[PDB]
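Novice: Got a sequence here, can you build the structure:
(4 chains, ligands or ions: 2)
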Amino acid sequence: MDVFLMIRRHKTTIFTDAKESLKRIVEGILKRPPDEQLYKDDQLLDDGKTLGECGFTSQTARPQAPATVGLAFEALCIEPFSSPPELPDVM
Amino acid sequence: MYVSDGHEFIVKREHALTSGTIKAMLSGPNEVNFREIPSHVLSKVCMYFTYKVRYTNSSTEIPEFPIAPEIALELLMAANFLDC
Amino acid sequence: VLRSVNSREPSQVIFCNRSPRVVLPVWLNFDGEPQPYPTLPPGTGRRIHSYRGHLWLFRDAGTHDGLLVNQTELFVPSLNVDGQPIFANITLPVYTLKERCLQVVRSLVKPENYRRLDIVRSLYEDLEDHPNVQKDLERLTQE
Amino acid sequence: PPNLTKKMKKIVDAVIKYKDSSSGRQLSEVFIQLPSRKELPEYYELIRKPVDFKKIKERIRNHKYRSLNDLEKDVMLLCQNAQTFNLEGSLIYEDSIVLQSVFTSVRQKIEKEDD
Ligand SMILES: Cc1ncsc1-c1ccc([C@H](C)NC(=O)[C@@H]2C[C@@H](O)CN2C(=O)[C@@H](NC(=O)c2ccnc(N3CCN(c4cc(-c5ccccc5O)nnc4N)CC3)c2)C(C)(C)C)cc1
Ligand code: NA
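Specialist: Residues are numbered from 1 along each chain as shown, chains lettered A, B, ... in the order given. Ligands and ions are numbered 1, 2, ... in the order given. Please find the structure below.
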């Protein structure tokens, strides 16, 4: 169907959507070659554009909660975000 | 085509068009920066952006847009300050 | 001013609750007045004996949030052609992120304590203005 | 009438929740609320003493039934009404007859098995 995902690299992030069955879109946007690139949870993904075969079915990568994907010639921990305040009036 | 406590984010232009306030800064009469909002709120914001277009006027059984309680206070001021 | 037509002609109707809320079917008495009917669990659906031309309004039974039936604001039983019961698909709308953020906050704080938030003085109005039944009626009746 | 109401409740509660053995429908839902005067002028004129269950429900609440024998002839009047307004063999007709023998068979169980 249509899977909605989320790629991050050192706090810079892309929201887009593709089919359940890649990086070529990166080359058009980042103007860097696609072969230089790309994985989740320390398990790169070679054979690109097969999307689903790794776990990104139409229920995990949904718009209200996209699925995280990482981008690489360097390894890196994409910088996380800020944390919530939990104001005390509620509860 | 496409566009910490700042913006630093890129989404489709049409998904940007969702918010009314951000239909004003650019293309008036590019990049856009936010000097108030953190980086954790902008996640749930542009998540609503993608959630908005995919489901509006699509007769499929619409599911809820989720909100964690620790996020409500700061999305609300955002979506207020965003006319969305 | 806005109510149901008294054709005695029946209409087998069925409510498919296709939304995560608990839906509250609301019938509109012939004096414009609303009368409520038993609630509907989120996933399930139920068959009814309604009569053609009548007016149904749908709404969360707990927050009274705006619920969508058959893709439109309201539902009027048409005539069932081959006896096929008419389907009132009770689904959600796509709320504004402002509205959606409003509902989550009303769920987490009591009214006697709304004003103690350290938030914008405008949103207090937007919070204290709750989604109402008859209020939305004057809005639809207006043109 | 110390718990006299409590037993009338069971009686009416049982008749309403009665389900057909083949169809399963609640078989009392027509009779629950009787449509209004503006909306059915010919019932209220042809019928001497109109009645539905909502009135019996709340007549029990006012406990104006001195006896169970009192409660019966209201529920009896209820079907006797529907049998005149409706045609012999019509769905509503043949069902009012059923509930007559539903209130009948239910009264026996309740009175005895509670002293
Ligand atoms: C939504 C929902 N979710 C979960 S569960 C549920 C649900 C809710 C309600 C219902 C009931 C069963 N269904 C309605 O609530 C419908 C759905 C709405 O559209 C409206 N509605 C009404 O009931 C209103 N109006 C009329 O019914 C009306 C109007 C004009 N004419 C009417 N006729 C002509 C005359 N009839 C006869 C009656 C009797 C008789 C009856 C009682 C005692 C002695 C008798 O002798 N005997 N013989 C007849 N021929 C009845 C049909 C009826 C109401 C005002 C009564 C509330 C079912 C399911
Ligand atoms: Na009824």
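Novice: nearest residue to the residue of chain B found nearest ligand 1 other than its sequence neighbours?
Specialist: Nearest residue of chain B to ligand 1: residue B:61, at 19.5 Å (C-beta to the nearest ligand atom). The way it works is simple: take the backbone N, C-alpha and C, and place the C-beta from them, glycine included. Of all residues not flanking residue B:61 in the chain, residue C:18 sits nearest, at 4.3 Å (C-beta to C-beta, 6 or more residues apart in numbering or on different chains).
Novice: Does that neighbour touch residue C:91 like I think?
Specialist: Yes - in terms of C-beta atoms under 8 Å, residue C:18 counts as a neighbour of residue C:91; the distance is 5.0 Å.
Novice: shared neighbours, those two?
Specialist: residue B:61 (C-beta atoms under 8 Å, 6 or more residues apart in numbering or on different chains).
Novice: Indicate the residue of chain D located nearest to chain C.
Specialist: Going by C-beta to the nearest C-beta, chain C is nearest to residue D:39 of chain D, at 4.9 Å.
Novice: same deal with chain A?
Specialist: residue A:90 (4.0 Å).
Novice: Can you get me a residue count around the residue nearest to residue B:61?
Specialist: 19 (other C-beta atoms under 10 Å in any protein chain shown).
Novice: Next, give phi and psi for it.
Specialist: phi -110, psi 70 (degrees, to the nearest 10).
Novice: gap between it and chain A?
Specialist: Distance from residue C:18 to chain A, counting by C-beta to the nearest C-beta, to the nearest Å: 17 Å.
Novice: Tell me who's in contact with that residue.
Specialist: B:61, C:45, C:89-91.
Novice: Can you select the buried ones from the residues you listed in ChimeraX?
Specialist: For the buried members of those, the matching ChimeraX selection, counting by 16 or more other C-beta atoms under 10 Å in any protein chain shown, is:
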select /C:45,89,90,91
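Novice: which SS state does the residue nearest in space to the middle of chain D fall under?
Specialist: By C-alpha atoms, centre = their mean, chain D has its centre lying nearest to residue D:75, at 3.9 Å. The three-state label given to residue D:75 by DSSP: H, G, I helix; E, B strand; the rest coil is helix.
Novice: Surely it is in contact with residue D:103?
Specialist: Yes - contact status for residue D:75 versus residue D:103: in contact at 5.0 Å, counting by C-beta under 8 Å.
Novice: so what sits against both of the two?
Specialist: Going by C-beta under 8 Å, 6+ apart, residues that sit against residue D:75 and also against residue D:103 are residue D:15.
Novice: Residues of chain C that sit close to chain B?
Specialist: Contact residues, chain C versus chain B (C-beta under 8 Å from any C-beta of the partner chain): C:18-20, C:71, C:91-98, C:100-102, C:104-105, C:108, C:117, C:119-120, C:122-123, C:126.
Novice: Let me see the contact set for residue D:59.
Specialist: D:65, D:74 are the contacts of residue D:59 under C-beta under 8 Å, 6+ apart.
Novice: in what helix or strand does whichever residue of chain C sits closest to ligand 2 lie?
Specialist: Of all residues in chain C, residue C:49 sits closest to ligand 2, at 8.0 Å by C-beta to the ion. For residue C:49, the host element (DSSP states H and E) is strand C:45-51.
Novice: quick one: that strand near ligand 1?
Specialist: Yes - using C-beta under 6 Å from any ligand atom, strand C:45-51 reaches ligand 1 at C:46, C:48-51.
Novice: just checking, what packs against that strand?
Specialist: In terms of contacts (3 or more C-beta pairs under 8 Å, 6 or more residues apart in numbering or on different chains; DSSP states H and E), strand C:45-51 is packed against strand C:10-17.
Novice: can you list contacts of the strand it packs on?
Specialist: C:23, C:25, C:40-52, C:54, C:77-80, C:83, C:85-90.
Novice: Emit the PyMOL select command for whichever of those residues are buried.
Specialist: Buried residues within these, by 16+ other C-beta under 10 Å, are selected in PyMOL with:
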select buried, chain C and resi 23+25+40+45+48+50+51+52+54+77+86+88+89+90
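Novice: For chain B, list the residues in contact with chain C, please.
Specialist: Counting by C-beta under 8 Å from any C-beta, chain B sits next to chain C at B:45, B:48, B:51-52, B:55-56, B:59, B:61-65, B:67, B:69, B:72-73, B:75-80, B:82-84.
Novice: can you give me the strands in chain A?
Specialist: A:2-9, A:12-19, A:67-70 (DSSP state E).
Novice: what helix or strand is the residue of chain C found nearest chain D on?
Specialist: Taking C-beta to the nearest C-beta, chain D has its nearest neighbour within chain C at residue C:6, 4.9 Å off. Assigned by DSSP H and E, residue C:6 belongs to no helix or strand.
Novice: looking at it, it is touching residue D:37, isn't it?
Specialist: No - counting by C-beta under 8 Å, residue C:6 does not reach residue D:37; the two are 11.6 Å apart.
Novice: What residue in chain A comes nearest to chain D?
Specialist: For chain A, C-beta to the nearest C-beta, closest residue to chain D: residue A:59, 36.0 Å.
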